[PDB]
Amino acid sequence: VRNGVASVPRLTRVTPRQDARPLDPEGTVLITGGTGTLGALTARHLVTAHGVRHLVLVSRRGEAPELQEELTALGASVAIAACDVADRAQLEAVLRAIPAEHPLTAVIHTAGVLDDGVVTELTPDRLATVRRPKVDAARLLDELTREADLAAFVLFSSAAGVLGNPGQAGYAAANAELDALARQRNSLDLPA
């Protein structure tokens, strides 16, 4: 209910507009959780379709030999370091390790851990744990890369935050906060 008028949320079909700024091929793109299946898929998509030969993967383990070799074969030089995207100092160090000759051209955020639980079984620790590597990590990416040459700021939210899924209240909160941060970045005219 805004200014006396009530409205209801409905999903409407969207015809995509081809107005977004294209990515710079000879730059680097950040992909959080690249070692994961979603991160590896996004990295392969960026290498194949967009022809990007520089990629940085941020994950807890910090290693992904199969994707590293796959992107090395295709000609993409990939630098991976052990860093949680939620933590500040490690993320700053990793983004400092990005070569000056290949600035960060785009940001992709697919980091996510599932701790699904019912409300009667819900505790604040689960909320903090689920919102750290997804919401706080995206906040850190927006905070540090607000000056960089960004054309894509991808946030891998889930249907729990929009449609609603039983037993995924913290996950839904994280997804909706990701949507809110993306809207905040878009209102600034930064890509999101």
# chains A, B, ... in the order shown; residues from 1 in each chain; ligands from 1
call {"tool": "select_by_dssp", "arguments": {"residues": "chain A", "states": "strand (DSSP E)", "output": "ChimeraX atom specification"}}
result
/A:28-32,54-59,77-82,104-109,153-155
call {"tool": "residues_around", "arguments": {"residues": "region 55-60 of chain A", "least_positions_apart": "2", "cutoff": "6 Å", "atoms": "only C-alpha atoms", "output": "PyMOL selection string"}}
result
chain A and resi 28-34+62+78-80+82-84
call {"tool": "residues_around", "arguments": {"residues": "residue 115 (chain A)", "least_positions_apart": "3", "cutoff": "10 Å", "atoms": "only C-alpha atoms", "output": "number ranges by chain"}}
result
A: 112, 122, 126-127, 129-130, 167-171
call {"tool": "write_last_selection", "arguments": {"atoms": "C-alpha atoms", "output": "CSV table (one decimal), in the first residue's frame"}}
result
chain,number,residue,atom,x,y,z
A,112,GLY,CA,25.8,-19.6,-2.0
A,122,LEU,CA,15.3,-21.5,12.8
A,126,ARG,CA,21.8,-19.8,10.2
A,127,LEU,CA,20.6,-16.4,9.0
A,129,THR,CA,25.8,-17.9,7.8
A,130,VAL,CA,23.5,-17.9,4.8
A,167,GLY,CA,11.9,-24.2,5.0
A,168,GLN,CA,14.1,-21.6,3.3
A,169,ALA,CA,13.4,-18.5,5.2
A,170,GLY,CA,17.0,-17.4,5.6
A,171,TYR,CA,17.7,-18.3,2.0
call {"tool": "select_by_dssp", "arguments": {"residues": "region 64-103 of chain A", "states": "alpha helix (DSSP H)", "output": "VMD selection string"}}
result
chain A and resid 65 to 73 88 to 96
call {"tool": "residues_around", "arguments": {"residues": "region 155-166 of chain A", "least_positions_apart": "5", "cutoff": "6 Å", "atoms": "only C-alpha atoms", "output": "VMD selection string"}}
result
chain A and resid 109 to 110 172 to 173 175 to 176
call {"tool": "write_last_selection", "arguments": {"atoms": "N, CA, C and O atoms", "output": "mmCIF file, in the first residue's frame"}}
result
data_model
loop_
_atom_site.group_PDB
_atom_site.id
_atom_site.type_symbol
_atom_site.label_atom_id
_atom_site.label_comp_id
_atom_site.auth_asym_id
_atom_site.auth_seq_id
_atom_site.Cartn_x
_atom_site.Cartn_y
_atom_site.Cartn_z
ATOM 1 N N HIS A 109 28.426 -12.969 -9.207
ATOM 2 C CA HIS A 109 28.302 -13.429 -7.825
ATOM 3 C C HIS A 109 27.380 -14.645 -7.787
ATOM 4 O O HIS A 109 26.154 -14.506 -7.848
ATOM 5 N N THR A 110 27.972 -15.837 -7.685
ATOM 6 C CA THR A 110 27.217 -17.082 -7.588
ATOM 7 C C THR A 110 27.457 -17.814 -6.275
ATOM 8 O O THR A 110 27.047 -18.973 -6.142
ATOM 9 N N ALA A 172 15.586 -17.241 1.556
ATOM 10 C CA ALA A 172 14.721 -16.250 0.928
ATOM 11 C C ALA A 172 15.111 -14.832 1.317
ATOM 12 O O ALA A 172 15.092 -13.930 0.470
ATOM 13 N N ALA A 173 15.453 -14.613 2.589
ATOM 14 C CA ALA A 173 15.904 -13.294 3.017
ATOM 15 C C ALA A 173 17.172 -12.887 2.280
ATOM 16 O O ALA A 173 17.300 -11.740 1.835
ATOM 17 N N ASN A 175 18.177 -13.962 -0.698
ATOM 18 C CA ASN A 175 17.850 -13.702 -2.097
ATOM 19 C C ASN A 175 17.177 -12.343 -2.270
ATOM 20 O O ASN A 175 17.509 -11.586 -3.195
ATOM 21 N N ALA A 176 16.239 -12.008 -1.382
ATOM 22 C CA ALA A 176 15.544 -10.731 -1.495
ATOM 23 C C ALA A 176 16.475 -9.563 -1.196
ATOM 24 O O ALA A 176 16.357 -8.498 -1.812
#
call {"tool": "atom_distance", "arguments": {"atom1": "CA of residue 73 (chain A)", "atom2": "CA of residue 46 (chain A)"}}
result
14.7 Å
call {"tool": "atom_distance", "arguments": {"atom1": "CA of residue 61 (chain A)", "atom2": "CA of residue 108 (chain A)"}}
result
17.9 Å
call {"tool": "atom_distance", "arguments": {"atom1": "CA of residue 131 (chain A)", "atom2": "CA of residue 178 (chain A)"}}
result
9.3 Å
call {"tool": "closest_residue", "arguments": {"among": "A:67, A:181, A:119, A:23", "to": "residue 152 (chain A)", "atoms": "only C-alpha atoms"}}
result
A:23
call {"tool": "closest_residue", "arguments": {"among": "A:21, A:50, A:102, A:134", "to": "residue 77 (chain A)", "atoms": "only C-alpha atoms"}}
result
A:102
call {"tool": "closest_residue", "arguments": {"among": "A:88, A:96, A:44, A:2", "to": "residue 136 (chain A)", "atoms": "only C-alpha atoms"}}
result
A:88
call {"tool": "closest_residue", "arguments": {"among": "A:91, A:17, A:51, A:22", "to": "residue 140 (chain A)", "atoms": "only C-alpha atoms"}}
result
A:91
call {"tool": "closest_residue", "arguments": {"among": "A:39, A:75, A:66, A:5", "to": "residue 52 (chain A)", "atoms": "only C-alpha atoms"}}
result
A:75
call {"tool": "decode", "arguments": {"residues": "region 155-182 of chain A", "atoms": "N, CA, C and O atoms", "output": "PDB file, in the first residue's frame"}}
result
ATOM      1  N   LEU A 155      24.069 -11.222  -9.776  1.00  0.00           N
ATOM      2  CA  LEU A 155      23.770 -11.758  -8.451  1.00  0.00           C
ATOM      3  C   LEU A 155      22.873 -12.977  -8.617  1.00  0.00           C
ATOM      4  O   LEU A 155      21.704 -12.851  -9.003  1.00  0.00           O
ATOM      5  N   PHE A 156      23.419 -14.156  -8.312  1.00  0.00           N
ATOM      6  CA  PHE A 156      22.693 -15.408  -8.478  1.00  0.00           C
ATOM      7  C   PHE A 156      21.731 -15.648  -7.322  1.00  0.00           C
ATOM      8  O   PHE A 156      21.973 -16.511  -6.472  1.00  0.00           O
ATOM      9  N   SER A 157      20.639 -14.889  -7.282  1.00  0.00           N
ATOM     10  CA  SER A 157      19.590 -15.093  -6.301  1.00  0.00           C
ATOM     11  C   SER A 157      18.826 -16.371  -6.642  1.00  0.00           C
ATOM     12  O   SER A 157      19.052 -17.001  -7.676  1.00  0.00           O
ATOM     13  N   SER A 158      17.890 -16.754  -5.778  1.00  0.00           N
ATOM     14  CA  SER A 158      17.117 -17.968  -5.996  1.00  0.00           C
ATOM     15  C   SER A 158      15.632 -17.653  -5.911  1.00  0.00           C
ATOM     16  O   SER A 158      15.225 -16.585  -5.446  1.00  0.00           O
ATOM     17  N   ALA A 159      14.821 -18.610  -6.371  1.00  0.00           N
ATOM     18  CA  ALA A 159      13.374 -18.434  -6.383  1.00  0.00           C
ATOM     19  C   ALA A 159      12.777 -18.387  -4.983  1.00  0.00           C
ATOM     20  O   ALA A 159      11.618 -17.985  -4.833  1.00  0.00           O
ATOM     21  N   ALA A 160      13.533 -18.795  -3.961  1.00  0.00           N
ATOM     22  CA  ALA A 160      13.021 -18.746  -2.596  1.00  0.00           C
ATOM     23  C   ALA A 160      12.748 -17.313  -2.157  1.00  0.00           C
ATOM     24  O   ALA A 160      11.750 -17.043  -1.481  1.00  0.00           O
ATOM     25  N   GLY A 161      13.622 -16.379  -2.537  1.00  0.00           N
ATOM     26  CA  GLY A 161      13.465 -14.999  -2.115  1.00  0.00           C
ATOM     27  C   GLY A 161      12.334 -14.261  -2.795  1.00  0.00           C
ATOM     28  O   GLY A 161      11.843 -13.266  -2.251  1.00  0.00           O
ATOM     29  N   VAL A 162      11.906 -14.722  -3.967  1.00  0.00           N
ATOM     30  CA  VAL A 162      10.846 -14.070  -4.733  1.00  0.00           C
ATOM     31  C   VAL A 162       9.536 -14.847  -4.630  1.00  0.00           C
ATOM     32  O   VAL A 162       8.541 -14.335  -4.115  1.00  0.00           O
ATOM     33  N   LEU A 163       9.520 -16.092  -5.108  1.00  0.00           N
ATOM     34  CA  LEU A 163       8.305 -16.896  -5.038  1.00  0.00           C
ATOM     35  C   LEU A 163       8.015 -17.335  -3.608  1.00  0.00           C
ATOM     36  O   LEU A 163       6.879 -17.229  -3.133  1.00  0.00           O
ATOM     37  N   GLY A 164       9.031 -17.829  -2.908  1.00  0.00           N
ATOM     38  CA  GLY A 164       8.844 -18.357  -1.571  1.00  0.00           C
ATOM     39  C   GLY A 164       8.879 -19.871  -1.538  1.00  0.00           C
ATOM     40  O   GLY A 164       8.111 -20.533  -2.244  1.00  0.00           O
ATOM     41  N   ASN A 165       9.769 -20.432  -0.722  1.00  0.00           N
ATOM     42  CA  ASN A 165       9.914 -21.875  -0.598  1.00  0.00           C
ATOM     43  C   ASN A 165       9.857 -22.247   0.878  1.00  0.00           C
ATOM     44  O   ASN A 165      10.549 -21.621   1.701  1.00  0.00           O
ATOM     45  N   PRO A 166       9.049 -23.235   1.256  1.00  0.00           N
ATOM     46  CA  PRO A 166       8.990 -23.638   2.667  1.00  0.00           C
ATOM     47  C   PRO A 166      10.342 -24.135   3.161  1.00  0.00           C
ATOM     48  O   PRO A 166      11.078 -24.815   2.442  1.00  0.00           O
ATOM     49  N   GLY A 167      10.663 -23.785   4.404  1.00  0.00           N
ATOM     50  CA  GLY A 167      11.904 -24.210   5.016  1.00  0.00           C
ATOM     51  C   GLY A 167      13.140 -23.471   4.557  1.00  0.00           C
ATOM     52  O   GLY A 167      14.252 -23.882   4.908  1.00  0.00           O
ATOM     53  N   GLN A 168      12.988 -22.395   3.788  1.00  0.00           N
ATOM     54  CA  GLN A 168      14.110 -21.632   3.252  1.00  0.00           C
ATOM     55  C   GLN A 168      13.954 -20.153   3.574  1.00  0.00           C
ATOM     56  O   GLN A 168      14.105 -19.289   2.706  1.00  0.00           O
ATOM     57  N   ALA A 169      13.646 -19.839   4.834  1.00  0.00           N
ATOM     58  CA  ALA A 169      13.367 -18.456   5.206  1.00  0.00           C
ATOM     59  C   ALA A 169      14.627 -17.598   5.161  1.00  0.00           C
ATOM     60  O   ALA A 169      14.611 -16.486   4.623  1.00  0.00           O
ATOM     61  N   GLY A 170      15.728 -18.093   5.729  1.00  0.00           N
ATOM     62  CA  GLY A 170      16.979 -17.356   5.645  1.00  0.00           C
ATOM     63  C   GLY A 170      17.491 -17.249   4.222  1.00  0.00           C
ATOM     64  O   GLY A 170      18.010 -16.206   3.811  1.00  0.00           O
ATOM     65  N   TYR A 171      17.349 -18.327   3.449  1.00  0.00           N
ATOM     66  CA  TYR A 171      17.734 -18.293   2.044  1.00  0.00           C
ATOM     67  C   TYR A 171      16.891 -17.285   1.272  1.00  0.00           C
ATOM     68  O   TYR A 171      17.409 -16.545   0.426  1.00  0.00           O
ATOM     69  N   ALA A 172      15.586 -17.241   1.556  1.00  0.00           N
ATOM     70  CA  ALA A 172      14.721 -16.250   0.928  1.00  0.00           C
ATOM     71  C   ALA A 172      15.111 -14.832   1.317  1.00  0.00           C
ATOM     72  O   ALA A 172      15.092 -13.930   0.470  1.00  0.00           O
ATOM     73  N   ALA A 173      15.453 -14.613   2.589  1.00  0.00           N
ATOM     74  CA  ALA A 173      15.904 -13.294   3.017  1.00  0.00           C
ATOM     75  C   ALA A 173      17.172 -12.887   2.280  1.00  0.00           C
ATOM     76  O   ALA A 173      17.300 -11.740   1.835  1.00  0.00           O
ATOM     77  N   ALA A 174      18.117 -13.819   2.134  1.00  0.00           N
ATOM     78  CA  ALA A 174      19.345 -13.522   1.404  1.00  0.00           C
ATOM     79  C   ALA A 174      19.057 -13.190  -0.055  1.00  0.00           C
ATOM     80  O   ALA A 174      19.620 -12.236  -0.605  1.00  0.00           O
ATOM     81  N   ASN A 175      18.177 -13.962  -0.698  1.00  0.00           N
ATOM     82  CA  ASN A 175      17.850 -13.702  -2.097  1.00  0.00           C
ATOM     83  C   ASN A 175      17.177 -12.343  -2.270  1.00  0.00           C
ATOM     84  O   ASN A 175      17.509 -11.586  -3.195  1.00  0.00           O
ATOM     85  N   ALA A 176      16.239 -12.008  -1.382  1.00  0.00           N
ATOM     86  CA  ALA A 176      15.544 -10.731  -1.495  1.00  0.00           C
ATOM     87  C   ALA A 176      16.475  -9.563  -1.196  1.00  0.00           C
ATOM     88  O   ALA A 176      16.357  -8.498  -1.812  1.00  0.00           O
ATOM     89  N   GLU A 177      17.413  -9.740  -0.262  1.00  0.00           N
ATOM     90  CA  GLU A 177      18.394  -8.688  -0.012  1.00  0.00           C
ATOM     91  C   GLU A 177      19.351  -8.528  -1.185  1.00  0.00           C
ATOM     92  O   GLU A 177      19.793  -7.410  -1.474  1.00  0.00           O
ATOM     93  N   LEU A 178      19.680  -9.626  -1.872  1.00  0.00           N
ATOM     94  CA  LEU A 178      20.445  -9.519  -3.110  1.00  0.00           C
ATOM     95  C   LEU A 178      19.684  -8.713  -4.153  1.00  0.00           C
ATOM     96  O   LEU A 178      20.260  -7.852  -4.832  1.00  0.00           O
ATOM     97  N   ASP A 179      18.382  -8.978  -4.291  1.00  0.00           N
ATOM     98  CA  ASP A 179      17.559  -8.195  -5.209  1.00  0.00           C
ATOM     99  C   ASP A 179      17.547  -6.720  -4.819  1.00  0.00           C
ATOM    100  O   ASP A 179      17.643  -5.839  -5.684  1.00  0.00           O
ATOM    101  N   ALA A 180      17.425  -6.435  -3.520  1.00  0.00           N
ATOM    102  CA  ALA A 180      17.406  -5.053  -3.052  1.00  0.00           C
ATOM    103  C   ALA A 180      18.725  -4.346  -3.349  1.00  0.00           C
ATOM    104  O   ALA A 180      18.733  -3.187  -3.782  1.00  0.00           O
ATOM    105  N   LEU A 181      19.850  -5.025  -3.118  1.00  0.00           N
ATOM    106  CA  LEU A 181      21.148  -4.428  -3.416  1.00  0.00           C
ATOM    107  C   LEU A 181      21.318  -4.196  -4.912  1.00  0.00           C
ATOM    108  O   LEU A 181      21.886  -3.178  -5.329  1.00  0.00           O
ATOM    109  N   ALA A 182      20.837  -5.131  -5.736  1.00  0.00           N
ATOM    110  CA  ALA A 182      20.898  -4.936  -7.181  1.00  0.00           C
ATOM    111  C   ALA A 182      20.076  -3.727  -7.608  1.00  0.00           C
ATOM    112  O   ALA A 182      20.509  -2.943  -8.460  1.00  0.00           O
TER     113      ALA A 182
END
